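Before any questions on how it binds or moves, here is one chain, the form deposited in one PDB entry, in structure tokens.
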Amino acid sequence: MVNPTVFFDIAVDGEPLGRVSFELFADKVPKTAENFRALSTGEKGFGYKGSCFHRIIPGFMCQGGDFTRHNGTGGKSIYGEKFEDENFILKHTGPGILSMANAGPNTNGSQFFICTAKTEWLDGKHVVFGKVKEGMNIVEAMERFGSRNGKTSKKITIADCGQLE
């Protein structure tokens, strides 16, 4: 049992910005990784496909997963409306980490953010469950189209996504 990999063809307002890829730490956070896997691949008939990045904060993070709301509250797991924080083994060690946005303890579901720095201020508050494998330079471009008030200077989206297992 190894970590699944995923891809996302990132699109800014529909213009292809490039493929990006991530690894999902099933090896430590199986619930979170599996929950996310299915949402990226779209195999639950919803999820990440088209569901954008809603808070892009340069050198902080790129939050997304607004697939049922549009304000940083969308998303629920494949098993149900929230699940627990699995653990805090994996920490916000630097940019290119990936962690579950939640509403506090045991309220994580389908929002994540790409850490675009060492988001150690979030250590103990969010489930790190992935990392950028590839297209880190596209995440760096995505941030140019962020702001800091999170509301982007351009709509950042996923044209397509799936697994690269």
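In this text, residue numbers run from 1 along the sequence as written.
What follows is about the form deposited with a small molecule bound, which we do not show.
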Task: Contact label in the entry with it bound: residue 49 to the small molecule, heavy atom within 4.5 Å - done: no
Task: 4.5 angstroms heavy atom contact with the small molecule in the entry with it bound for residue 63 - done: yes
TODO: Indicate whether the small molecule has at least one heavy atom within 4.5 Å of a heavy atom of residue 102 in the entry with it bound.
DONE: yes
- [ ] Decide whether residue 53 counts as a contact residue for the small molecule in the entry with it bound under a heavy atom distance cut-off of 4.5 Å.
- [x] no
